[PDB]
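This document starts with two versions of one protein chain, written out as structure tokens and named structure 1 and structure 2.
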Structure 1
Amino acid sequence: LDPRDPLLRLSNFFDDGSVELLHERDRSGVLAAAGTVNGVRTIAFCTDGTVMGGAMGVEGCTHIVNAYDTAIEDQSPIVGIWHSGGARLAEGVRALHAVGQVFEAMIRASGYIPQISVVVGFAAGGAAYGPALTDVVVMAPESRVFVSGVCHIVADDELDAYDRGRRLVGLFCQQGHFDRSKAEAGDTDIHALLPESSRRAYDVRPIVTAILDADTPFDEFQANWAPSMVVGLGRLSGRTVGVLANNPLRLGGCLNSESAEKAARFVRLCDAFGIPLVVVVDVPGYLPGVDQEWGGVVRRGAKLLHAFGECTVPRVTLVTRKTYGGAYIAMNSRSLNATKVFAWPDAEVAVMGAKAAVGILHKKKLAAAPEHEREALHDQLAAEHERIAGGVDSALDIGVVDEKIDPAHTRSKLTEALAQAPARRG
């Protein structure tokens, strides 16, 4: 069945004329090959959708395990192209065990070599879980992962999927270096991208792209899952960086169960492969599930604290508009040993908005006030409260912000901090 022929799929993915088979073709249901991706030595394996639906058996699984063993030994990235209905039922338990051995190999590779899955067709049973164990999953629209968060990148078509896969091994395996000249040349007034009013929502994504190199794609992960949080890989003066940013357009930009988990997973992934982090903070609080279930955000929030806390790659924080309460601590604060914390001049760092704060601290005085005088008293109390608290100057005194910067130098200030940090220690 030509289009799903594994040699062809492997050929479309690798650099032209670089494919070198790791074993002889057969009817096992997988073909594994060595090759190159823009010069980078890469291992890949393709399930054979032209043989029994691509169903996995002992012999095919063995080829994948050998492929993994090969990539591990040479420290090469390994890409799996997936199209498969699951384990070969007629092989019984023997196939279950072999599928398990595939899992076990992916686990040995975890955080040691990059693992990229490209799902180009139906993926079920063991063929759904395999990709779930890898670092990044690319899905072509002629696919579905069955047996939401599982899929990181959705491509336009099978060829686009290979193209994104190729870029991903570039981001992991040709990380480059920071360049000050390039960082400065790309500087613009990122602050101008915000709305005029502090109360208005906006998509954070243009801020992100303005920080990142103009001529390089921002590869956003899981865009439609936990949309209050944006995460992804891009280049900053040519250097691969990971970006996390609250997106005020969705849920006020609040943290919650899924956004915390999304951010936590992405942090551990960048940490594992030496990829520095830009954390763009504009977060006013956090949220329970619709049913007032707080257990999710607690558990996942703790996982996020733990991820930043244990992180050792450079990770710099930029407060754009506001950062409040517990969500402030979680978003790469000084208390979790952020490399450096930056703030735009009109940013707020506080427990909560002044009016909210004052409305708690002086609940009794406010309620004792005459109804028609109450709001004026509330406003006046709030004005004094923010005279003394919430501002960048105050945050600099405390030492939770390191530097107030000109928004027009954002891109070059972040770059300077990341470049001059140690590769490891936080």
Structure 2
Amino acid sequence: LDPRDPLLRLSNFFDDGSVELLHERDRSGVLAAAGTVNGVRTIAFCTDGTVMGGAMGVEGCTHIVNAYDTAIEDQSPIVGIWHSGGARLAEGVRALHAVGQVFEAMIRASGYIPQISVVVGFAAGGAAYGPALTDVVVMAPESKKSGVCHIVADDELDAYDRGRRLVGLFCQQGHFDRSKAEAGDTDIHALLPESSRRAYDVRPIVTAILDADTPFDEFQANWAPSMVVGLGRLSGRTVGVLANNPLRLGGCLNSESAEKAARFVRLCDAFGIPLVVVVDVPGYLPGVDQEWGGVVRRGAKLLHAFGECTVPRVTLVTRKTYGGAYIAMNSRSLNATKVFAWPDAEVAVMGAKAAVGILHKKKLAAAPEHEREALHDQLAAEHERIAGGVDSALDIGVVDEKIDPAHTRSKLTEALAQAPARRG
């Protein structure tokens, strides 16, 4: 068969021998089907790249809409395998309208059933907006639109495998299992640099926290890189992770990392996936020539996302959480389920020397020039004696517990396990 054969692609994605067409095969450029993905009933449609390059027409779209109606009624996940130049120019507005009805089915399914898009060939026009309306997009390299794609696979068959694993993360979420959690505990603090000033890649820490025998499905890895988000499993339970990555921009929030984080929070809240929020944030950055508009609009959306969130969400402060960004990274004010901190963590408005410079500016300015840098250094010292660390914040109430890093998984798992499935 041709590699682009739709029934070939539906068969590679589904469990062997499980495919069951939902309509007679034809020249419409779409084939839809019921199958299983590791036992889960799944609906899937494939565009037929062999007919008119997969251009969508009235009858192809009517198959997709029917497949959505089938999947909405079964409460089944629906997977779309995409390879299409867009709408069929010759069918005119009728095809435009039918493509519109595809979007309207995707909007109806939104947050109801999970929707995965596996993009395996050229995808343009209505065939780029289609996937943009689903929850997760997997793109085979065989296919400039930054932020739109979530997971880049190695190739067409690797794309079907990540797509299969997404189905299992969304419809086979599991229970937290306190006993596996403690079997996996390690000293995650060891992965930190000995200098609090040195930068590091936070992904090893995300990898330490999550189960050893399961991949970490990082979303949008190359877009907004000061922020890491993705799905994984924590003691067998599907969890969503969000983590400032101090290797990029010093781990600060900005307009794009706020958007990446906020869209992910909303996605997990929609399907009941609890969140682990690993925090190491020194502040936030503006735009390209100093425009705060994006970080204000996008940062508000991030607040809104955590604010309205209703799944368990637990925060772990590894090193430092400063100022306005402290609030946005799932803080107590915004109803975080629990807030943990590693023993050496700092919860402050800014650095101690930066904060003394402002708080005692008049004092500092009145002092002789041959004693300022000496008084500033010492003023900063008594400042950290009363502020800065976990002990201050524990007393205020914004950190619930100082935890030994060797017990991060247990503490996180236990905190997640006693929240309700909803309300926060």
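Counting starts at 1 and follows the sequence of structure 1. Only the largest set of C-alpha atoms that superpose within 1.5 Å between the two forms is called the rigid core.
Visitor: With the two forms aligned on their rigid core, point out which item of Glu384, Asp26, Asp393, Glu373 shifts its C-alpha by 2 Å or more between structures 1 and 2.
Guide: Single hit from the list, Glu373.
Visitor: Give the rigid core superposed Cα shift of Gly359 between structures 1 and 2, in Å, rounded to one decimal.
Guide: The alpha-carbon displacement, core-superposed, is 1.1 Å.
Visitor: If the core is used for the superposition, what shift in Å does the C-alpha of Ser84 show between structures 1 and 2?
Guide: Taking the core as reference, the C-alpha of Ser84 is shifted 0.1 Å.
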